[PDB]
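Each chain is listed here by its residues.
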Amino acid sequence: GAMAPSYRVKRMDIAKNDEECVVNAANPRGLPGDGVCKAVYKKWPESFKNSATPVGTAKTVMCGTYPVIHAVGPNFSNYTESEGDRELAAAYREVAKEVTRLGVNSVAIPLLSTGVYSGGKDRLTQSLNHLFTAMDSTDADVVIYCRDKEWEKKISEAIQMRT
Ligand SMILES: [Cl-]
Ligand SMILES: [Cl-]
Ligand SMILES: [Cl-]
C-alpha cells in the first residue's frame, strides 16, 4: 500500500504517467479506438493482445511487466441513463479489484465515459463519484488524468473538499 493513500489530478497525456499501472478507457472489442484509448495503444500496443471484454468489466494485460487495466465504460449513446449509470459504477468496481490484485502502490486513471462515450453530456461529477466509490477502500495512490483546464480545477476542488 501507499504510506498515506492520496488522490491527485494532473492535466496531461496519461501515456506519460508516473504510476505503477494505467487504466485504459477501452472499447469492448480491444480496438485502438480514439482519445485516451488511442494514446494507450501507441504507448503499450502489446497490451491489446486478447484485451476485448464486455461493458462494465476490466481486463488486465501486461506490456512487459507494466500492467494495463482495460476498463470498458458504457457508451451513453446506446444505454439508458439508468443502465449506463449501473455499468459505469460496475467498470470502476472491477478496476478496484484489479488494482488490489496487482499489489501496486499507485495507479493512473482517466474518467470513464466522459469523452466520445458521454452521449454529448457533461459527466465529470457522475464519473468521478463512481471512481471514488470504488477506489476509496483501496490503499493505492490514485492519480486522475484529464485534458481540459476547467475539468482539472473541478476535479481538484472535489478531491480537496473531502480532505
Ligand atoms: Cl501532455
Ligand atoms: Cl469516453
Ligand atoms: Cl478532460
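Entry numbering is not used for residues: they are numbered from 1 along each chain in the order the sequence is written, which may differ from it, and residues without coordinates are omitted. Written order determines the labels here, with chains lettered from A and ligands numbered from 1. Values shown for side chains rest on all heavy atoms present in the structure; no hydrogens or waters enter the calculation.

Structure determination for the deposited model, as stated in its record, used X-ray crystallography, and the stated resolution is 1.40 Å.

Within the PDB entry, the label attached to the chain reads Non-structural protein 3, and the organism entered is Chikungunya virus.

### Section: helix α1 (residues 36-43)
Exposed residues in this analysis have more than 50% of their type's maximum accessible area, buried residues have under 20%, and partly exposed residues fall in between, with area computed by a 1.4 Å probe over protein chains only. Here a helix means four or more residues in a row that DSSP labels H or I, a strand means two or more in a row labelled E, and each is numbered from the N terminus. Every buried residue of α1 is listed here: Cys37, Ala39 and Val40. Relative to the axis of α1, the buried residues are bounded by an arc of 160 degrees and lie together on one face. Summarising the geometry, the arc corresponds to the directions from the helix axis toward the C-beta atoms.

### Observations regarding the pattern of salt bridges
Salt bridges are identified by distance alone: a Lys or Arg side-chain nitrogen within 4 Å of an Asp or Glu carboxyl oxygen. Taken as a whole and judged by the stated rule, the model has nine salt bridges. In this structure, the salt-bridge partner of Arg123 is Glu81, at a minimum N-O distance of 2.8 Å. With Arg123 in the loop between β5 (106-110) and α3 (124-135) and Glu81 in helix α2 (residues 81-102), this pair connects stretches of sequence that are 42 residues apart. By relative accessible area, which is 37% here, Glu81 ends up partly exposed. With its nearest N and O atoms 2.9 Å apart, the salt bridge here joins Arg162 to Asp136. Of this pair, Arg162 sits in the segment after α4 (149-161) while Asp136 sits in the loop between α3 and β6 (141-146), and the two are 26 residues apart along the sequence.

### Quick look at the packing of aromatic side chains
What characterises a pair of aromatic rings is the spacing of the ring centres plus the angle enclosed by the ring planes. By convention, a stacked pair of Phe, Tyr or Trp rings (six-membered ring in the case of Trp) has centres within 6.5 Å and planes under 30 degrees apart, an edge-to-face pair has planes over 60 apart, and any other such pair is tilted. Evaluation of the coordinates by the stated rule reveals three aromatic pairs. Considering the side-chain rings of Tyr41 and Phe48, the 5.1 Å spacing of their centres and the 85 degrees angle between planes classify their relative orientation as edge-to-face. On the basis of an interplanar angle of 10 degrees and a centroid distance of 5.3 Å, the ring pair of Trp44 and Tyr66 is categorised as stacked. Of the two residues, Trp44 sits in the loop between α1 and β3 (58-63) while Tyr66 sits in strand β4 (residues 66-71), which places them 22 residues apart along the sequence. On the basis of relative accessibility, which here comes to 18%, the residue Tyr66 falls in the buried class. Counted as over-ring charges are cases with an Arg CZ or a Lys NZ within 6 Å of the ring centre that also lie within 35 degrees of the ring normal. It is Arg123 that lies over the ring of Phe76; its NZ or CZ is 3.7 Å from the centre. The ring of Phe132 is capped by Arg162, whose NZ or CZ atom sits 4.0 Å from the centre of that ring.

### So, the side chain of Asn17
Among the structural elements, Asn17 can be located in the loop between β1 (7-11) and β2 (22-25). Accessibility expressed as a relative area gives 14% for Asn17, which makes it buried. Pairs of N or O atoms within 3.5 Å make up the polar contacts considered here, provided that, within protein, one atom can donate a hydrogen while the other can accept it, and that residues adjacent in sequence are counted only when both atoms are side-chain atoms. A polar contact of 2.8 Å, which involves the side chain of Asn17, links it to the backbone nitrogen of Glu19. Only 2.9 Å separates the side chain of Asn17 from the side chain of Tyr66, close enough to count as a polar contact. Once residues lying within four places of it in the same chain are set aside, the contact partners of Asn17 are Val22, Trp44, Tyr66, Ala108 and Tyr145. Here, two residues are considered to be in contact whenever any of their heavy atoms come within 4.5 Å of each other.

### Topic: the pairing of β4
Among the six residues of β4, six are classified as buried, and the element is accordingly described as predominantly covered. Side-chain alternation along β4 places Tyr66, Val68 and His70 on one buried face and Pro67, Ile69 and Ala71 on a second face that is also buried. Pairing between β2 and β4: four bridges, direction parallel. By the bridge assignment for β4, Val23 is matched with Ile69. Any two strands are treated as partners once DSSP identifies two or more bridges connecting them. Across six bridges, the pairing between β3 and β4 is antiparallel. The residue bridging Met62 from the neighbouring strand is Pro67, located in β4. Counted along the chain from β3 to the antiparallel partner β4, the turn is two residues long, and its residue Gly64 has a positive phi close to 65 degrees.

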